[PDB]
Amino acid sequence: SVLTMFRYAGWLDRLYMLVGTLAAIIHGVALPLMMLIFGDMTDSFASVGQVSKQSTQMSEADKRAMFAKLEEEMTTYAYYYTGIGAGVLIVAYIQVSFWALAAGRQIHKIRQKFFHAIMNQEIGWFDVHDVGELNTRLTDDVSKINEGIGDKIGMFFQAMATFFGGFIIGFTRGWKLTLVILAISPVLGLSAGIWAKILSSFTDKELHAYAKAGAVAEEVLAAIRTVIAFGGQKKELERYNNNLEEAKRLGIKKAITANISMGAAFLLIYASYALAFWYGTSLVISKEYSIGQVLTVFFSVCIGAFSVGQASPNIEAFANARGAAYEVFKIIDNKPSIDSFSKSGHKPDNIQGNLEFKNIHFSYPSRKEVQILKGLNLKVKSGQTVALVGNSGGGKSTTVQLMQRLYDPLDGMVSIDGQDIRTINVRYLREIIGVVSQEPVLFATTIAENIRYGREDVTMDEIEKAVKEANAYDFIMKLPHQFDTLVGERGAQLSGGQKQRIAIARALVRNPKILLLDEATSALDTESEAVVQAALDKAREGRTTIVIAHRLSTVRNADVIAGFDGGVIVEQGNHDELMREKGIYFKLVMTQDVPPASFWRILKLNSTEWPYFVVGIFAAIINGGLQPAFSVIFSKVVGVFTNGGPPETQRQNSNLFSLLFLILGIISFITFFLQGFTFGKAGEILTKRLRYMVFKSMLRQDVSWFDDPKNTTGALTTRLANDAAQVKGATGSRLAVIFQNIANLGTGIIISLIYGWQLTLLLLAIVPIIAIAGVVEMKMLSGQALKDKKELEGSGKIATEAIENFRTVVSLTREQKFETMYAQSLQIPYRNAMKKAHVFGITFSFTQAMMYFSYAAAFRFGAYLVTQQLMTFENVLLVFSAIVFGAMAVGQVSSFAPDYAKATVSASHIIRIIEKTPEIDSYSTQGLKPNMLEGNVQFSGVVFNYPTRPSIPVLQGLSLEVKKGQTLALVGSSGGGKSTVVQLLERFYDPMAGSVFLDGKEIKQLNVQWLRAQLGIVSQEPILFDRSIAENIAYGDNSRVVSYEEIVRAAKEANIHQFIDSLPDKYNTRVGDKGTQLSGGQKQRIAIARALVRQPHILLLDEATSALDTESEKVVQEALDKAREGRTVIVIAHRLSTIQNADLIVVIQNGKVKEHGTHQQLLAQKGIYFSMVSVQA
Ligand SMILES: CC(C)CCC[C@@H](C)[C@H]1CC[C@H]2[C@@H]3CC=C4C[C@@H](OC(=O)CCC(=O)O)CC[C@]4(C)[C@H]3CC[C@]12C
Ligand SMILES: CC(C)CCC[C@@H](C)[C@H]1CC[C@H]2[C@@H]3CC=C4C[C@@H](OC(=O)CCC(=O)O)CC[C@]4(C)[C@H]3CC[C@]12C
Ligand SMILES: CC(C)CCC[C@@H](C)[C@H]1CC[C@H]2[C@@H]3CC=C4C[C@@H](OC(=O)CCC(=O)O)CC[C@]4(C)[C@H]3CC[C@]12C
Ligand SMILES: CC(C)CCC[C@@H](C)[C@H]1CC[C@H]2[C@@H]3CC=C4C[C@@H](OC(=O)CCC(=O)O)CC[C@]4(C)[C@H]3CC[C@]12C
Ligand SMILES: CC(C)CCC[C@@H](C)[C@H]1CC[C@H]2[C@@H]3CC=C4C[C@@H](OC(=O)CCC(=O)O)CC[C@]4(C)[C@H]3CC[C@]12C
Ligand SMILES: *SC[C@@H]1NC(=O)c2csc(n2)[C@H](C)NC(=O)c2csc(n2)[C@H](C)NC(=O)c2csc1n2
Ligand SMILES: Nc1ncnc2c1ncn2[C@@H]1O[C@H](COP(=O)(O)OP(=O)(O)OP(=O)(O)O)[C@@H](O)[C@H]1O
Ligand SMILES: Nc1ncnc2c1ncn2[C@@H]1O[C@H](COP(=O)(O)OP(=O)(O)OP(=O)(O)O)[C@@H](O)[C@H]1O
Ligand SMILES: [Mg+2]
Ligand SMILES: [Mg+2]
């Protein structure tokens, strides 16, 4: 329906809308009512009040009185203008404030419930829809709903009230003439309706394009590190630019439709005027009407017609809001099958850990032609440990996901204590299960707050106990702020092992009955793995654990071990029995602040399209000056009309004025369309350019910039969209009409001046008082613009953090907590909106009241002028019309002050991002680019401290050397700085002391893009894009077009080609967001292929085999050994099997080197390396 919105009105918002509509009706009819009650000079309101001479014999006494009686009438009308002005003050304040309050409350509820619809969806829903658009929706569509259900509805109702009041006055003075002119009401209405429907469709398409553009920006900014490492800034900007172009085209179409609607309305009105004079000239010839009769009905219908003509932007805003309310309410109305918010379902008192998987058949929703499990059967007894082993992609993580009811199996049963889990309450089932995922993800908050996400009502003592069990106490105590040290998005400001241990503690603070641990020790060293294993063993008896580990040391002591082959368990049993059977387990085990000109400079960025601007200015001047010139030309029109010579022939011969009104309608159509279309196209080009430049500037910035807690994905994505939209809100047709109004005021100045100069001083006085309300509102609103921008950045941060990490939120049952945080983040903008409602209501009220007071003052001063014979009554009526139009112009400019307020704050910020220069500039062409590279990498006394934690020494005089054909093995404990070396070699940061040399040349002198071009890195937690497999390997070289054969060769070297070939759609298969749609090993192998397709001279691996099986690791090692010569390789490994083949191994701890040499040399001495290899054995 059209009215899907206003669903969350409630009684208070209904009462606001009803009383505001009543106030709008009263305010609209109050001007018709004045002329209805008082009509003796309403006939005079037809200018050139015909006196029919009578001045030949004016007694100067008969003349005298006449002027005194006329003065008395003007004074009475001035008093009534003052009274109507006070009434207008009250009713206009009510009309604006009530509608704004209702819109604000409804928008607050809409945002809250749209957030409580994304959190309610299933994981399968998230695996099919592009959820990277959703935040843009929350930032944009709702805002466009806010712009179409507030003040605009009241304004439209006021215009309608003026329309009906004017037509009621005509009916009183001429039923037939009014009925014929009213014949354009249905055609005008249908025109408005069709244009509104087209506007709604175009708005829906444009918002879809903007949502797609926001999704690219969400993916790229969340993966800026991969984007910078592989130099994909140009490609990621082209991807953004494509959706920017689509949105610009749709917006240009929107501008065309809206302005042709405006022009068509004005053309219809002017054609109706010509029809009115036609039929009235008939009524006069046939003698059934007088001239006064046709003039009055005209003045009465004209005001309402022009009010409706001016009401078109309100209809456009309503159409845009209804177009924006499509996807939001579509997502809201969607009801999941697995409802985590449902209260139904059994919550058994005594959950004994009896887990059964019976004939489990499952296929993922995104890839539903692939069978992952084919009659999986597995029984886990209370207090027992099952260890799931097998090849990568077999379905172990799928089984873990099915245990926590992330999906429902197509066939089979998952049961606890013999009870089917689809009948258990979803939330209750999930709280009794604690899960550590294959690649743990933290949240952008403190360590303690991250732990509290496992269980909200947790004390500091139990947090300490859990982090001691997780072997996390030591490093948390070591860095300052203790538990209050905030980590980055997804835990990026911690080492991989630290993040994994934090996740372990977060799962442990739940005291779960079912502990799922999927590769929970992949980022840990031998000591941390051993101590965490012992801590878990000390608590096994009370709970049941399902553990999946590619490190076969942990599964040695498991009570039962189950092997996956072909989607089923082929061998289940203990270690000794499986070794006796010599099955797949045996095979696995053997193979071992605000400048005020900011808007001016943003518009100066729009200088290329100056011809559009000049055409729009000319059109705005034409229509704005024709608005008051209407009174003058009708004065001349009235002149001849009233003049009667021959009775019938010449009166009908005066059809030239119907032609004049037709020409005026054509000119109005052309000028309104031109002005609006040119300004809207200029605004579309400007907003697209601003988004392009801001996104390019963000991709230019350093890694340290992205590590700033204020610069989070959600914050950045909100900042970009919000600044572009806020600047756009003060440009386009909104700007165009402003120029028109200036022209109007200018014309009002000249028409008065050529007709009477005494009344011009009244305009010169009343402009300041009608603009003081605007400037004081511009002030009040300017500071809360900054405040609301800062709060909306945090709201977007919370929303994006919840969306990008929805699986973690669902596993932790933290959807309600994130909803509470989102609601809290909305409170300050909500209260600011509620107070802005009253501020805008008072501003509009004061403006209209001073307009009416200006009319009263005009009538009184004109009475003085007429009494002293200084000026005539025809002149005081023409100029009074000029004063009315000038007051309108000043009032509308003052109403533009809120739009410009947001624009200037946003401009001062768009200008700054754009002019910001990073220290390590990746766009700079400067820098020495060596013609040859020999692969000699040296670190000399490198000292580095991370910008977000500058007081913690990370590397202290680190020195190392690696040459071509040599393999450097970085080993050591978690947090020692192994990944920091790789990040420094990529020049993500610059060390304060020491140097990094490439072939004897210090790396800060080399070109940054050139230096990164010869680096091929596999990261510790590899990130892929939601793009094809082939597109992901090809990101390994963005400079050239990578061929299909090269991609296939890289995949074969990465031992991933067979999976891609077997999978339907092959290399065109989309992986999901950050490799969600592939197993950890498959994702890591695709990352390896991405790094290898580049054929780098320097290959940096950061635990590149953590998620790989023994066979896959062997294949990758053989592939690397085949190409061992011809490049230099630096490997970070927690597995001694890969390390023992390295040419040289260095043990780095606390940023220093302790032991270095070959495997035999390190083994000879009983040092750290010997201790590690002995504890492993
Ligand atoms: C052309 C544009 C510029 C103005 C359109 C004016 C009317 C067509 C609209 C404006 C406000 C609307 C009203 C705003 C709110 C409501 C409450 C709404 O209530 C619900 O939808 C309740 C649903 C629920 O409780 O679940 C019913 C329609 C109604 C009366 C709407 C009827 C149609 C109205 C008068
Ligand atoms: C009682 C006197 C004083 C005024 C009478 C006015 C009517 C003759 C006019 C006013 C508004 C007009 C309506 C305004 C808009 C539309 C929608 C229009 O269809 C569309 O453009 C879209 C249809 C849709 O979206 O469903 C069809 C004509 C209609 C009903 C119009 C029919 C004629 C109406 C009722
Ligand atoms: C007719 C003349 C005499 C003017 C009458 C003015 C009233 C109609 C105004 C003035 C103060 C207004 C109130 C000022 C502030 C608020 C709080 C506001 O609360 C919110 O929705 C935000 C806070 C929250 O709920 O978190 C709701 C509207 C309300 C009651 C306003 C309702 C309309 C009021 C009573
Ligand atoms: C909307 C407002 C703030 C803009 C400016 C308003 C003035 C231009 C209005 C406000 C009150 C008006 C005055 C109200 C009453 C009088 C007294 C009146 O005095 C006489 O008749 C004097 C006769 C004599 O002694 O000769 C002359 C007009 C005047 C000054 C009016 C002139 C126009 C005034 C100054
Ligand atoms: C920035 C703020 C302070 C502006 C406030 C404006 C109002 C205080 C002014 C604007 C127009 C004024 C009115 C303009 C003209 C008249 C007619 C005037 O008539 C006479 O003086 C009649 C004398 C006679 O003939 O006996 C009486 C004051 C009055 C109502 C004025 C009352 C004060 C008003 C409402
Ligand atoms: S009807 C031709 C012309 N009026 C307009 O163009 C017009 C657009 S919007 C509008 N008038 C609003 C609804 N009018 C007023 O606010 C208003 C208050 S007093 C007044 N207009 C005086 C009586 N108008 C004129 O003298 C006049 C002559 S032509 C004209 N308006
Ligand atoms: N969300 C998903 N959508 C579609 N397919 C998926 C999804 N998640 C996993 N898959 C696919 O299901 C299969 C099994 O994946 P799963 O994560 O269960 O394997 P695994 O045994 O845990 O692997 P690994 O040892 O690499 O961690 C793979 O082919 C994988 O690509
Ligand atoms: N972006 C960052 N901001 C601040 N501190 C960081 C950041 N990244 C890492 N650190 C810190 O720097 C230290 C070294 O981390 P690093 O990632 O280099 O270790 P590592 O040897 O690779 O660890 P692991 O074996 O756990 O992967 C740790 O104390 C870590 O918390
Ligand atoms: Mg897995
Ligand atoms: Mg690391």
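Hydrogens, waters and symmetry mates play no part in the numbers below; they use all other heavy atoms, side chains included. One-based numbering along the sequence shown.
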Please report the interatomic distance [atom1]([X]) to [atom2]([Y]), rounded to the nearest 0.5 Å.
X     : Y    : atom1 : atom2 : answer
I1003 : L984 : CD1   : CG    : 7.5 Å
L970  : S979 : CG    : OG    : 9.0 Å
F475  : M477 : CZ    : CE    : 9.5 Å
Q1014 : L998 : CD    : CG    : 7.5 Å
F483  : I447 : CZ    : CD1   : 7.5 Å
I476  : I451 : CD1   : CD1   : 6.5 Å

I'd like to check the side-chain contact (heavy atoms from CB on, under 4.5 Å) partners of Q592; sequence neighbours left out, ordered by chain and number.
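Here the qualifying residues are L552, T1110.
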Residue pair [X] / [Y], side-chain donor-acceptor N/O under 3.5 Å:
X     : Y     : result
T980  : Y946  : yes
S522  : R551  : no
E529  : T554  : no
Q533  : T521  : no
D1121 : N1141 : yes
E519  : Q438  : yes
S397  : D518  : yes

Are [X] and [Y] packed together at the side-chain level, in the sense that at least one heavy-atom pair is separated by less than 4.5 angstrom?
X     : Y     : result
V971  : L1136 : no
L517  : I546  : no
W1010 : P930  : yes
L1100 : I1098 : yes
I561  : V389  : yes
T226  : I1023 : yes
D559  : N574  : no
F564  : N391  : no

List the residues meeting side chain to side chain donor-acceptor pair (under 3.5 Å) with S922, not counting sequence neighbours, and say none if there are none.
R1012
Would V1008 and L1011 count as a side chain to side chain contact (heavy atoms under 4.5 Å, CB included) here? Give the steps.
CA-CA 5 Å; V1008 177; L1011 170 81; 5.8 Å; no
Can you give me the closest heavy-atom contact between [X] and [Y], atom names plus distance?
X     : Y     : value
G1016 : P1096 : N-CB, 3.5 Å
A1091 : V1018 : CB-CG2, 3.6 Å
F997  : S940  : CE1-OG, 3.6 Å
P440  : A503  : CB-CB, 3.5 Å

Above 12 or not: heavy atoms from other molecules or residues under 6.0 Å from [atom1] of [X]?
X     : atom1 : answer
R556  : CZ    : no
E1118 : CD    : yes
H1097 : NE2   : no

ring-ring contact (aromatic ring centres under 6.0 Å, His included) pairs, two or more places apart, involving residues 1124-1160
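Checked against ring-ring contact (aromatic ring centres under 6.0 Å, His included) - neighbours excluded - the pairs reaching residues 1124-1160 are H1159-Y1169.
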For the backbone of [Y] and the side chain of [X], can you confirm whether one donor and one acceptor N or O come within less than 3.5 Å of each other?
X     : Y     : value
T446  : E449  : yes
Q1161 : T1158 : yes
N450  : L442  : no
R1090 : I1086 : no
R501  : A472  : no
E1155 : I1168 : yes
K1001 : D999  : yes
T545  : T385  : no
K1154 : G1167 : no
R1127 : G935  : no

Begin from the C-alpha positions of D702 and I920 and carry the test side chain to side chain contact (heavy atoms under 4.5 Å, CB included) through to its verdict.
CA-CA 6 Å; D702 281 351; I920 303 169; 3.5 Å; yes
Salt bridge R580-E577, side-chain N to carboxylate O under 4.0 Å
yes
Salt-bridged, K1083 to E439, with N to O below 4.0 Å?
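Yes, this pair counts.
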Sequence neighbours excluded, every pair satisfying side chain to side chain donor-acceptor pair (under 3.5 Å) that has a member inside residues 963-976
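Only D525-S973, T967-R1124 qualify under side chain to side chain donor-acceptor pair (under 3.5 Å).
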Filter on side chain to side chain donor-acceptor pair (under 3.5 Å), then keep only pairs touching residues 462-473, sequence neighbours left out; what's left?
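Found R455-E462, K465-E469, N471-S528.
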Using a 6.0 Å distance limit plus a 45 degree cone around the ring axis, check whether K1166 lies over the aromatic ring of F1170.
yes
Step by step, would you call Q983 with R225 a side-chain hydrogen bond (donor to acceptor under 3.5 Å, both in side chains)?
CA-CA 10 Å; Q983 292 187 72; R225 293 181 184 271; 3.1 Å; yes
Please test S392 against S1079 for side-chain hydrogen bond (donor to acceptor under 3.5 Å, both in side chains), starting from the C-alpha separation and ending with a verdict.
CA-CA 7 Å; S392 164; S1079 73; 3.1 Å; yes
Sole candidate of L960, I1132, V937 that passes side-chain contact (heavy atoms from CB on, under 4.5 Å) when paired with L968:
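Exactly one candidate clears the test, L960.
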Acceptor/donor pairs from residues 485-493 side chains to any protein atom, 3.5 angstrom cut, sequence neighbours excluded:
{"unit_1": "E489", "atom_1": "OE1", "unit_2": "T713", "atom_2": "N", "d": "2.6"}
{"unit_1": "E489", "atom_1": "OE1", "unit_2": "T713", "atom_2": "OG1", "d": "2.9"}
{"unit_1": "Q493", "atom_1": "OE1", "unit_2": "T948", "atom_2": "OG1", "d": "3.4"}
{"unit_1": "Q493", "atom_1": "NE2", "unit_2": "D707", "atom_2": "O", "d": "2.9"}

Please step through side chain to side chain contact (heavy atoms under 4.5 Å, CB included) for the pair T1138 and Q1117, ending with a clear verdict.
CA-CA 8 Å; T1138 300; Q1117 183 64 39; 3.7 Å; yes
Under the side chain to side chain contact (heavy atoms under 4.5 Å, CB included) rule, what do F944 and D990 come out as? Steps first, then yes or no, please.
CA-CA 7 Å; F944 170 64; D990 273 322; over 6 Å; no
